[PDB]
Amino acid sequence: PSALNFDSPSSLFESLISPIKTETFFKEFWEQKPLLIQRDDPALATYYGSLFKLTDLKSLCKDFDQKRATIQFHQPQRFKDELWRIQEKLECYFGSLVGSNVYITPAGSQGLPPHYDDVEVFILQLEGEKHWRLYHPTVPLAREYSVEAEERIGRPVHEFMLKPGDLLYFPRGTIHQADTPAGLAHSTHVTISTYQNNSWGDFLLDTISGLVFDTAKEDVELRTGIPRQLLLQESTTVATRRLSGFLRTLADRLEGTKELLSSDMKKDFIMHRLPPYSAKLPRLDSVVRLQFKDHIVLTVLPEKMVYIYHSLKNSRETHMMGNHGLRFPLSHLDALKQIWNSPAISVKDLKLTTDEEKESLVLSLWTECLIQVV
Amino acid sequence: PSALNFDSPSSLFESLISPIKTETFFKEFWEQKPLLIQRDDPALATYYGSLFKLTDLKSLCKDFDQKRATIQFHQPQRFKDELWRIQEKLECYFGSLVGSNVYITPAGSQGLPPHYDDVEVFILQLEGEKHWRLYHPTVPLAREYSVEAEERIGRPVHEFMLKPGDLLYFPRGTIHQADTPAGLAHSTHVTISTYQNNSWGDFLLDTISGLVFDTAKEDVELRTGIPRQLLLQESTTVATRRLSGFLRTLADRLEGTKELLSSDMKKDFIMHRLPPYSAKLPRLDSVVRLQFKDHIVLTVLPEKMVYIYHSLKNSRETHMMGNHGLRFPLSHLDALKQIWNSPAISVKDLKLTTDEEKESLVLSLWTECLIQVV
Amino acid sequence: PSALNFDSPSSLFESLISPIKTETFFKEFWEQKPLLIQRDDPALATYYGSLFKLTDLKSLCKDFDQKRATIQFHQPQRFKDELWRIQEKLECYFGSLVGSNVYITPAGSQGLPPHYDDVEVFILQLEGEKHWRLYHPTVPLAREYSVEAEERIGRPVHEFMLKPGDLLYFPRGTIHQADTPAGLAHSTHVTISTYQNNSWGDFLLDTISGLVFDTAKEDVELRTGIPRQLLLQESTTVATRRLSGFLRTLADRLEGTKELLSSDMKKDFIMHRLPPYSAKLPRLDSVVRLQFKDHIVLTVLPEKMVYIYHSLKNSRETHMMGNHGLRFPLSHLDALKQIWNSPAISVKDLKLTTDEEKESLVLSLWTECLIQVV
Ligand SMILES: O=C(O)CNC(=O)C(=O)O
Ligand SMILES: O=C(O)CNC(=O)C(=O)O
Ligand SMILES: O=C(O)CNC(=O)C(=O)O
Ligand SMILES: [Mn+2]
Ligand SMILES: [Mn+2]
Ligand SMILES: [Mn+2]
Ligand code: NI
Ligand code: NI
Ligand code: NI
Ligand code: NI
Ligand code: NI
Ligand code: NI
Ligand code: NI
Ligand code: NI
Ligand code: NI
Ligand code: NI
Ligand code: NI
Ligand code: NI
Ligand code: NI
Ligand code: NI
Ligand code: NI
Ligand code: NI
Ligand code: NI
Ligand code: NI
């Protein structure tokens with residue numbers, strides 16, 4: 001029950017927030033308020049204690065910051081197998097990049113000053129205890145990180161002591177501050193984070209181009225040039241009124257829209273996500289199924305070609321630090337769309353001229369591990 | 001009258017289309033239909049003949065293509081002074097990049113096959129005659145270049161013979177084809193082009209980010225995360241309906257909007273445009289005026305800083321081939337906005353703490369040639 | 001008399017400080033106190049006015065700083081011919097690098113705050129007037145630059161107004177401050193500087209190695225190893241007492257020393273100095289003379305070789321920005337020393353085995369312009 005179940009992205013998330021049900025988490029907590037899961041599970045406490053240890057910092061004897069009396073180890077999933085296993089599963093579950101930072105603070109020391117972050121967090125207490133104080137957001141669902149002065153935050157809303165095996169979730173914009181109680185024991189926790197720049201605002205700006213391109217093919221007013229020197233000649237009343245009309249027309253056009261195109265979001269997720277955790281040949285008469293659907297991008301790029309790219313060979317060692325696929329002719333697009341939008345498809349049923357072309361396509365997909373033979 | 005008047009961008013354009021009045025050009029021709037200016041000016045004919053010559057191709061003895069029986073010399077303004085002088089003036093006038101291509105076709109040869117272009121063109125006949133046929137657009141105000149089959153274009157709408165000193169204007173999407181009459185004389189013309197990707201559609205996508213950023217600061221619904229796996233899990237009815245609502249809200253928000261921010265259009269124009277054609281010290285008690293306003297970008301970039309960049313030191317030799325400024329603290333933003341939005345301003349009237357800071361600002365602007373002392 | 005006489009380094013310096021005699025300058029002023037030369041020479045005023053102009057900054061339309069309300073143009077000798085001519089002559093005269101900076105301050109503005117510099121300066125007033133205040137040094141003959149607070153400098157010792165054609169000399173460590181009088185005219189001056197890190201202390205550290213190398217060849221105590229871990233195991237009484245003895249022995253050894261070797265000073269001067277200002281073949285029976293003696297370094301470097309390097313082909317454009325010669329066998333050293341230490345020498349008189357070797361040596365020197373045929 002408490003033990004992390006790596007069977008599916010769903011079973012991992014369900015086990016991570018145990019005993020809380022996912023229906024409860026999404027209805028009551030997600031992007032709304034903090035969730036504190038205090039447990040009494042010595043097995044889970046031993047498990048959390050193995051995710052990262054103070055000794056792992058000395059097994060790295062750049063990858064960490066020294067903010068006052070706090071060591072921050074960036075992206076431990078680069079070296080810690082279990083965290084790679086957890087974070088990869090969460091990326092499948094959220095459809096968003098999932099990074100992590102380890103925070104180590106000696107006994108009796110204050111951590112970072114009061115602040116809020118731009119990410120949804122899952123804090124796992126690994127070693128020792130840490131005293132937390134949570135305050136009401138000044139900016140609910142903040143899009144940026146910010147420190148907040150103690151005289152602007154008010155009194156804590158939640159205050160508690162985290163111990164190994166405990167989990168704390170809180171949405172972006174939650175003002176917080178933590179300190180290690182005086183004593184012998186230092187504190188070690190991992191902050192697993194997701195949902196950075198994954199808002200409706202980000203999604204609208206990511207899909208707007210495809211919508212304008214489609215509309216302009218049918219509407220000559222969108223194809224019409226702007227007035228001379230508009231880019232240079234404080235703004236004008238004329239431009240805002242025309243743009244209001246265009247946005248209203250696009251809103252009406254969306255009602256009939258069946259497909260939205262991602263300009264960069266889908267592509268950036270696929271290129272940056274973690275690779276899958278690592279420890280039959282198709283024929284004309286076989287049935288195929290596309291596998292790892294949420295790990296693939298199918299785009300048309302310039303004469304144009306169909307491009308397929310996946311995350312199956314992504315570098316684990318570069319994940320979140322910030323510093324693979326195929327190409328086919330446009331004629332293959334109908335057959336590739338048949339594979340994408342089908343639970344299972346016969347190779348002979350593909351929309352290509354020769355039976356050889358059908359076989360070559362599926363053989364290409366199989367060499368990348370993008371298809372499974374049923 | 002006919003002679004090109006380089007006094008201002010306005011006087012250059014007025015003289016270029018002589019005897020046609022700019023009021024007539026904008027009301028009747030611009031982005032609507034072709035304008036043929038056939039003249040009887042031997043002085044202008046000699047002038048056009050000096051803009052580019054077949055001999056100039058041999059004075060370049062990559063910079064040109066060999067499309068069938070037509071030589072196309074790219075961007076002659078890189079070496080021809082008079083064309084640099086003309087094109088620079090047109091960039092000020094249009095607020096859009098202005099490139100050119102020279103077309104040389106021997107007597108008796110067909111040019112390029114029927115097609116339409118994605119730019120507004122001004123064709124100047126420099127040497128010999130060329131036989132033109134213009135057809136009705138299949139795609140009015142086309143956003144892309146395309147060849148069109150002779151059996152899809154119909155009969156010509158306009159047919160004429162261009163000779164030196166003649167000008168031909170036509171909007172993007174105009175299907176056309178030209179051939180050099182049989183005889184002794186080859187044809188040389190220059191196609192001055194502008195308004196590539198300068199439509200209302202391009203402008204809407206260029207300003208939309210600033211609008212969403214501003215709205216999301218006040219609207220928590222734009223700050224709210226998308227549903228899990230939306231980027232991956234064919235599109236849904238839910239997303240299109242939410243996006244329709246957001247676009248309608250943004251349209252209402254635009255009515256009250258006084259300023260629009262350019263994400264890239266203004267910046268790309270400034271970085272790529274031609275430099276100005278080339279052949280008093282400010283004090284605390286002096287009056288200053290910002291000069292070359294349409295050659296400057298003032299942006300805030302990340303801690304944030306105010307960045308100023310101009311086109312006054314742009315490379316002439318790289319113009320349109322595709323292969324300078326200052327930095328100030330955020331405190332200077334109010335004073336820089338005072339300079340931008342003022343016909344003339346006293347240095348002592350600037351919103352800065354010390355009189356020295358006021359003097360340093362204007363001295364910085366003067367070293368870049370961005371200010372004039374009144 | 002007042003006009004700059006470029007006949008020799010001596011005649012240039014004599015004319016630069018006119019009407020002051022060089023005997024007076026060295027006895028009374030050099031490294032002792034300021035010298036103000038206020039003149040009434042309209043010809044010299046016109047001459048100074050041509051050395052650098054506010055317009056020369058716009059003829060550069062990195063090479064300058066913008067310190068508050070003062071523009072500082074670094075190393076104008078890179079582009080200004082007359083300043084190259086002056087500074088090159090001064091490097092011959094001083095045997096020290098001679099750089100310059102132009103200072104431009106608008107009317108009514110304060111210059112840099114009170115400070116002292118680490119160089120000997122010759123300030124030439126080129127355009128307008130500047131109000132100077134000189135104070136008593138806090139650090140006489142300072143080795144570093146430093147600002148000094150107004151409450152630590154006392155009252156001015158000297159106060160004057162510089163006008164075009166005026167010269168001001170002051171030693172390193174002289175606290176000073178200048179401001180442009182209120183009015184219409186900006187101020188332009190050039191600060192010609194020399195004697196940076198050219199002290200007895202610098203010279204002692206530059207020659208000490210050669211002295212220790214020579215002494216250790218004869219003294220086994222200098223060849224003896226230090227005690228184990230001396231470099232690591234706060235200092236000890238034993239080391240200081242031994243070092244006192246060594247320094248006393250070296251002092252006694254210097255009395256008999258006839259030649260001092262430069263570890264880097266001579267080499268750095270030759271590599272960085274300005275090239276000479278630009279607008280017979282030797283035979284066995286000819287008499288030769290080494291020319292540009294103060295532009296050449298003769299060193300033995302590793303099997304060892306004799307290396308000759310000169311400054312005759314130094315880059316003018318890189319002077320003071322901070323970002324040529326021959327090689328011969330060790331057997332040639334006696335003959336090269338004969339050329340160095342002789343006002344004129346017969347080629348046949350050189351200490352080399354064959355007459356051909358004598359001819360080859362002098363032919364090598366002639367190709368670099370290091371020898372003149374008498
Ligand atoms: O432990 C700390 O000092 C601070 N940790 C965080 O801000 C966090 O996990 O977001
Ligand atoms: O001259 C030609 O053959 C074709 N010229 C053009 O297509 C043009 O100027 O757009
Ligand atoms: O002119 C000024 O403001 C200051 N000039 C100097 O410090 C100088 O020449 O050393
Ligand atoms: Mn128990
Ligand atoms: Mn006539
Ligand atoms: Mn006089
Ligand atoms: Ni860091
Ligand atoms: Ni935090
Ligand atoms: Ni506490
Ligand atoms: Ni990247
Ligand atoms: Ni591969
Ligand atoms: Ni194929
Ligand atoms: Ni080309
Ligand atoms: Ni064309
Ligand atoms: Ni014809
Ligand atoms: Ni570019
Ligand atoms: Ni510049
Ligand atoms: Ni300033
Ligand atoms: Ni500098
Ligand atoms: Ni100084
Ligand atoms: Ni004064
Ligand atoms: Ni150097
Ligand atoms: Ni040489
Ligand atoms: Ni020899």
Side-chain angles (χ1 to χ4, degrees), chain A residues 30-31 93-96 120 140-143 195 198-205 207-209 211-213 215-216 220-226 228-232 239-240 242-248 250-252 254-255 257 259-260 262 265-266 269 293-294 340-341, chain B residues 30-31 93-96 120 140-143 195 198-205 207-209 211-213 215-216 220-226 228-232 239-240 242-248 250-252 254-255 257 259-260 262 265-266 269 293-294 340-341:
Chain A
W30 184 251
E31 299 197 328
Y93 191 75
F94 289 102
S96 190
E120 296 300 304
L141 299 186
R143 295 170 290 166
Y195 263 61
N198 210 51
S199 70
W200 276 105
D202 293 294
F203 183 75
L204 163 59
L205 293 170
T207 64
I208 194 50
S209 301
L211 185 55
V212 174
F213 186 85
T215 311
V220 77
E221 291 311 314
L222 272 178
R223 267 193 258 120
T224 292
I226 53 167
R228 302 189 288 108
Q229 311 162 343
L230 191 87
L231 283 185
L232 323 127
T240 70
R242 268 303 266 290
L243 292 177
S244 274
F246 289 131
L247 290 173
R248 285 178 180 120
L250 299 160
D252 297 328
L254 258 168
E255 303 179 315
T257 301
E259 208 169 60
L260 296 160
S262 175
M265 286 175 82
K266 195 176 184 146
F269 175 59
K293 198 158 148 188
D294 66 300
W340 259 85
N341 324 128
Chain B
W30 184 251
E31 299 197 328
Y93 191 75
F94 289 102
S96 190
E120 296 300 304
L141 299 186
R143 295 170 290 166
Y195 263 61
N198 210 51
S199 70
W200 276 105
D202 293 294
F203 183 75
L204 163 59
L205 293 170
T207 64
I208 194 50
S209 301
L211 185 55
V212 174
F213 186 85
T215 311
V220 77
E221 291 311 314
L222 272 178
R223 267 193 258 120
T224 292
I226 53 167
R228 302 189 288 108
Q229 311 162 343
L230 191 87
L231 283 185
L232 323 127
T240 70
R242 268 303 266 290
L243 292 177
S244 274
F246 289 131
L247 290 173
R248 285 178 180 120
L250 299 160
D252 297 328
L254 258 168
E255 303 179 315
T257 301
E259 208 169 60
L260 296 160
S262 175
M265 286 175 82
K266 195 176 184 146
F269 175 59
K293 198 158 148 188
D294 66 300
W340 259 85
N341 324 128

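The chains referred to below are lettered A, B, ... by the order of the sequence lines, with proteins before strands, and numbering in each begins at 1. Computed over heavy atoms, backbone and side chain alike; hydrogens, waters and symmetry mates excluded.
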- Query: Taking it one step at a time, do A/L250 and A/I208 satisfy side-chain contact (heavy atoms from CB on, under 4.5 Å)?
  - Reply: CA-CA 9 Å; A/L250 299 160; A/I208 194 50; 4.2 Å; yes

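To the nearest 0.5 Å, atom CZ of residue B/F213 and atom CG of residue B/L222 are 12.0 Å apart. Summarising the geometry, atom OG1 belonging to A/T215 is positioned 13.5 Å from atom CD belonging to A/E221; distances are rounded to the nearest 0.5 Å. Note that OH of B/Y195 is 8.0 Å distant from CZ of A/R228, once rounded to the nearest 0.5 Å. Rounding to the nearest 0.5 angstrom, the gap separating the CG atom in B/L230 from the CH2 atom in A/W200 is 5.5 Å.
Of the atoms belonging to A/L205, it is side-chain heavy atoms, and not backbone ones, that fall under 4.5 Å from chain B. Neither the backbone nor the side chain of A/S96 comes within contact range of chain B, judged by heavy atoms closer than 4.5 Å. In this structure, the portions of A/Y93 lying under 4.5 Å from any heavy atom of chain B include both its backbone and its side chain. Neither the backbone nor the side chain of A/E120 comes within less than 4.5 Å of any heavy atom of chain B. Heavy atoms closer than 4.5 Å to chain B are found in both the backbone and the side chain of A/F94.
Considering only heavy-atom pairs separated by less than 4.5 Å from chain A, the leading option among B/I226, B/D252, B/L247 is B/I226. Highest contact tally toward chain A, considering only B/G201, B/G95, B/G225, is held by B/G225 [criterion: heavy-atom pairs under 4.5 Å].
Look at B/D294 and B/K266 and you find no salt bridge, because none of the NZ, NE, NH1 or NH2 atoms lies under 4.0 Å from a carboxylate O.
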